[PDB]
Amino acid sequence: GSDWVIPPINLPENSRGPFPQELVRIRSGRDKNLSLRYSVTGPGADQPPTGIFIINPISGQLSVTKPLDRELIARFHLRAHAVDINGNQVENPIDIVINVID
């Protein structure tokens, strides 16, 4: 559809994993027509604290890399991107919210 938000993901606090732990798959149906590469930006991804969340560039699978405590940041606001071979975005970026729950 033309523009819908991805439902927030709830992640239990101080999970035992193991890590990396897959959370959800974020991708576009356009990837069945064009070669697309997925990326994630925002605090937790490429902004502090870095490397907590990663996304598989081909599948769109989003994963957590370590246990998370709620004291410092209890909610992360990321943005997933879908880009063609020249790097042009083929979808408007989409917001991803990860809530750390106790």
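Numbers follow the displayed sequence, beginning with 1.
Comparing 40-48 with 54-62, the higher mean C-alpha B-factor in the PDB entry belongs to 40-48. Checked against the record, the higher mean CA B factor of 30-38 and 72-80 lies with 72-80. When the modelled residues of the chain are ordered by their C-alpha B factor, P18 lands in the highest third. Annotation for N88: C-alpha temperature factor in the lowest third relative to the rest of the modelled chain, per the entry.
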